[PDB]
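Data block below; observations after.
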Amino acid sequence: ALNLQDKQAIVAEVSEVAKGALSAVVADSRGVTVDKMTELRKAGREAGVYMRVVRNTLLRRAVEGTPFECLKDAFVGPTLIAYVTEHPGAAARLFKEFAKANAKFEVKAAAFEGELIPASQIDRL
Amino acid sequence: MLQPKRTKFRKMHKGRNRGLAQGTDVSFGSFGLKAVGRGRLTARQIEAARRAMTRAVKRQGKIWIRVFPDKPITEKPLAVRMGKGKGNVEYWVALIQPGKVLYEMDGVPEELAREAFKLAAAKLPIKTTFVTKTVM
Amino acid sequence: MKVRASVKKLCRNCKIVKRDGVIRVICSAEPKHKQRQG
Amino acid sequence: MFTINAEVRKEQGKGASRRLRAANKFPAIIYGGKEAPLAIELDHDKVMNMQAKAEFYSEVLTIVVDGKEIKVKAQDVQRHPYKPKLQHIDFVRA
Amino acid sequence: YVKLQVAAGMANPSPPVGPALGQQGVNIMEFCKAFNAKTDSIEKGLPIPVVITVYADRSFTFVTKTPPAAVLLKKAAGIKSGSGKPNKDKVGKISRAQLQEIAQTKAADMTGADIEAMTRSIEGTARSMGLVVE
RNA sequence: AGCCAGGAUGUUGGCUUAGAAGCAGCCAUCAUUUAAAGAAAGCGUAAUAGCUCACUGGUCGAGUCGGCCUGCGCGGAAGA
Ligand SMILES: [Mg+2]
Ligand SMILES: [Mg+2]
Ligand SMILES: [Mg+2]
Ligand SMILES: [Mg+2]
Ligand SMILES: [Mg+2]
Ligand SMILES: [Mg+2]
Ligand SMILES: [Mg+2]
Ligand SMILES: [Mg+2]
Ligand SMILES: [Mg+2]
Ligand SMILES: [Zn+2]
C-alpha cells in the first residue's frame with residue numbers, strides 16, 4: 001500500500017515534473033494491454049515524454065501546483081498523463097494515433113498555456 | 001524416552017501437586033511453551049511432543065526441554081487384590097504446576113514457532129500457552 | 001459430510017455458518033469440505 | 001519518555017495487595033538513595049502497555065506522586081505465573 | 001498466435017514442432033523450411049525463438065527473433081549447459097563486452113531504454129543460470 | 001467488500017526430462033517497461049494453451065481489520 005508519506009513524496013514528484021514540463025495531455029488508460037503500454041513508453045522515452053498513471057485526488061494536490069488547475073475536472077475517470085518535458089506536442093500527436101491505432105480508451109482533455117483544450121480540438125497540439 | 005539413569009530409591013510416595021511453578025521465564029530460547037494448567041507429564045507425552053515440534057521446524061533452530069520426568073509411578077496389574085506390597089514401577093512422570101516452561105526454542109521465525117508449539121501441545125494433557133522471553 | 005466435533009476451513013473458499021444452531025462449513029469449490037458439527 | 005501516575009499506599013500486606021489486584025491496580029515500590037522507601041499503587045493497564053516496549057527497562061522514567069515527580073529506573077519485576085499480568089515492580093531511585 | 005524455440009537450421013520432428021502449431025491449422029513444411037531459410041544464419045546448436053502469427057485463413061506470418069538470453073549466455077561463456085545450482089555452483093564466464101553483444105542482439109529483442117537496461121536484463125539471465133560476469 | 005480495467009519483457013531463467021514453457025522435480029529468483037505485475041498463490045496441458053490470485057488505476061463513499069483480557073451462552077453429549 002501507500003503511506004501518507006508515500007503519497008506526499010509522489011505528489012511532490014508529479015508537481016516537480018509538472019513545473020518543469022512545457023505541455024501535458026490527460027487520457028483514459030483503461031482496456032489496454034501492458035505490451036502496447038510499454039510500446040507507448042518506448043515511443044515515450046523516444047519523444048522526450050514523461051508517462052504516468054497517477055491517483056486522482058493525488059493529482060488535484062499536485063496540479064494545485066499550477067498552472068494545470070483547469071484539468072481538475074479531467075481527473076474523473078482513470079488518469080494517464082503525458083508530460084512532454086522536451087518539446088511541447090509529441091504527446092498530443094502520439095496519443096491520438098495510439099488511441100486510433102488501439103481504438104480503445106478515450107484521450108479526454110489537454111492543457112497548454114494555462115488553459116484546457118476540449119477533445120476534438122487537441123489537434124491544435 | 002527420558003528416565004533417570006540411576007536413583008537413590010526405586011519407588012515413591014504419590015505426593016501431591018500443589019502451589020505454583022518455578023522457572024516461569026524463558027532463559028535460553030526466544031520463545032517457550034508455558035503450562036497454564038496443572039498435571040503430570042509422562043515421559044511418553046514429552047517425547048511424542050518433542051517429536052512433533054521437531055518435525056515442525058524441519059530440524060532447524062534449537063529446542064530445549066526444561067522438564068524432566070523424575071518421579072516413578074507404579075501399577076498393580078489386573079486381577080490382583082489389595083496389599084501384598086507396593087505395585088511395580090510402570091513409568092516415569094514430571095509434576096507440572098501452573099506456569100512451568102515445558103520447552104524453549106529459538107533460531108526460528110516467530111510465526112513458525114507458534115505453529116510448532118500448537119502441534120506440540122496437541123500431544124499434551126494440560127492447558128498451555130505461547131510466551132516470549134523478556135528483558136528483565 | 002464430515003460430521004465431527006472440530007470443524008475447520010480447509011481452504012480459502014470454505015465459509016463457516018451457523019444454521020439452526022449447528023455450526024457447518026460450506027464450500028463452493030470442494031464438496032469434500034462439507035462439514036457439520038456433531 | 002514514560003510518565004507513570006501513582007498514589008501512595010495507605011495499606012499493606014497480602015490482603016491489601018490482593019484487593020489492589022482485584023481492582024485492576026497493582027503495588028510497586030520506590031527505594032534506593034538517601035531517602036526512605038515509598039510504596040505506591042499503579043494502573044495495571046497503562047504500565048502493562050508501557051513495559052510492552054523495551055526501553056522501559058533501560059531508561060530513566062518519571063513517577064507522578066501527589067503532584068511530585070521522582071526519577072527512577074526499573075529494577076526487577078515479578079509477573080503472575082501464567083497470566084499476561086504484573087504482580088509487582090521494584091523501582092530504584094535514579 | 002503461438003510461440004516456440006527451434007534449433008538453428010532445423011525443423012519438422014514430431015514431438016517439438018509439428019503437433020504444437022499443427023493443431024492450429026498451420027501448414028507445417030512452409031514454416032519449417034522458410035524458418036531454416038531465415039535462420040540458416042543462426043549458428044548450429046542455438047535454439048532461436050520464433051513467434052508464429054496465424055490468421056482465420058491459415059496463412060501465417062512469423063517473426064523469428066534473436067536467440068534467447070540463456071542461449072547467447074551458454075555460447076558467450078563457451079559452455080553447453082548452465083548451472084543446475086545457479087550462483088551456488090557457477091558454470092562459466094562473460095566480460096561486459098559479451099553482456100553488451102548479447103544485449104545488442106536483445107537490444108533488437110528487449111523492452112529496455114538503454115543498452116545498460118538490456119545489459120542488465122542479460123545480467124539478470126546471467127545470474128539466473130549461474131554464470132559469472134567477468 | 002462489490003463492480004470496470006490491466007496482471008507486462010528478457011524468457012520456454014538454468015538444471016532435468018520423450019515433454020517442465022510461473023505451476024513433476026532441483027537450484028537460483030535477477031533485471032527491464034512500470035500505476036502495478038511473485039522467474040508466480042491455485043485449476044489446467046503429453047508439454048503448451050486456457051482460468052483466477054498476489055499487485056495496481058478507476059467507480060464507491062465512512063468507518064474497517066484481528067489479536068489480547070474477561071462476563072454469560074452453543075456444539076462436543078448414546079441405553080435398556
Ligand atoms: Mg507433604
Ligand atoms: Mg521447589
Ligand atoms: Mg431443517
Ligand atoms: Mg504484618
Ligand atoms: Mg489471607
Ligand atoms: Mg476495495
Ligand atoms: Mg480502530
Ligand atoms: Mg451441551
Ligand atoms: Mg445420537
Ligand atoms: Zn474448501
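A note on labels: chains of the C-alpha cells are A, B, ... as shown, every chain counts residues from 1, and ligands are counted from 1 in their shown order.
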Worksheet item: Do you know which residues are within 12 Å of ligand 9 using only C-alpha atoms (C1' of nucleotides) and all ligand atoms? Can you write them as a PyMOL selection string?
Response: (chain C and resi 38) or (chain F and resi 77-79)
Fill in: Residues flagged helix (DSSP H, G or I) by DSSP in chain E, as a ChimeraX atom specification
/E:28-41,69-76,96-109,115-128
Each chain D residue no farther than 10 Å from ligand 4, nearest pair in Å, only C-alpha atoms and all ligand atoms, as CSV:
residue,atom,partner,partner_atom_place_in_ligand_line,distance
D:12,CA,ligand 4,1 (Mg),7.9
D:13,CA,ligand 4,1 (Mg),6.3
D:14,CA,ligand 4,1 (Mg),8.9
Can you check which parts of chain C lie within 12 Å of ligand 3? Per residue, the shortest pair of atoms and distance in Å to one decimal, counting only C-alpha atoms and all ligand atoms, sorted by chain and number, as a Markdown table.
| residue | atom | partner | partner_atom_place_in_ligand_line | distance |
| --- | --- | --- | --- | --- |
| C:19 | CA | ligand 3 | 1 (Mg) | 8.6 |
| C:20 | CA | ligand 3 | 1 (Mg) | 7.3 |
| C:21 | CA | ligand 3 | 1 (Mg) | 10.5 |
| C:22 | CA | ligand 3 | 1 (Mg) | 10.4 |
Worksheet entry | Coordinates-based distance that separates atom CA of residue A:35 from atom CA of residue E:48 (Å, one decimal) |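 Atom CA of residue E:48 sits 21.5 Å away from atom CA of residue A:35.
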Discussion item. Taking only C-alpha atoms (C1' of nucleotides) and all ligand atoms into account, which residues have an atom no farther than 10 Å from ligand 1? I'd like them as a list in words.
Written reply: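 Result of the 10 Å neighbour search around ligand 1: residues 13, 15, 16, 17 and 18 of chain B.
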Practice prompt. Return as a PyMOL selection string every polymer residue, whether protein, DNA or RNA, with at least one atom no more than 9 Å from an atom of ligand 6; count only C-alpha atoms (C1' of nucleotides) and all ligand atoms.
Written response: chain F and resi 1-2+60
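Between atom CA of residue B:120 and atom CA of residue B:48 there is a distance of 8.1 Å.
Minimum distance to residue F:34 across E:112, E:132, E:119, E:18 (counting only C-alpha atoms (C1' of nucleotides)) occurs at E:112.
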Each chain E residue no farther than 12 Å from chain A, nearest pair in Å, only C-alpha atoms, as CSV:
residue,atom,partner,partner_atom,distance
E:110,CA,A:42,CA,10.7
E:111,CA,A:38,CA,7.2
E:112,CA,A:42,CA,8.2
E:113,CA,A:42,CA,7.2
E:114,CA,A:45,CA,10.2
With N, CA and C atoms kept, could you save the residues just selected as a CSV table (one decimal), in the first residue's frame?
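Result written to out34.csv:
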chain,number,residue,atom,x,y,z
E,110,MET,N,14.6,-6.6,-26.7
E,110,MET,CA,14.1,-6.2,-25.3
E,110,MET,C,13.1,-5.1,-25.3
E,111,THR,N,12.7,-4.8,-24.1
E,111,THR,CA,11.8,-3.6,-23.8
E,111,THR,C,12.7,-2.4,-23.2
E,112,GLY,N,14.0,-2.6,-23.1
E,112,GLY,CA,14.9,-1.7,-22.4
E,112,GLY,C,15.1,-0.3,-23.0
E,113,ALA,N,15.4,0.6,-22.1
E,113,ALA,CA,15.6,2.0,-22.5
E,113,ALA,C,17.0,2.2,-23.2
E,114,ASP,N,18.0,1.7,-22.5
E,114,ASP,CA,19.4,1.9,-22.9
E,114,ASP,C,20.0,0.5,-23.1
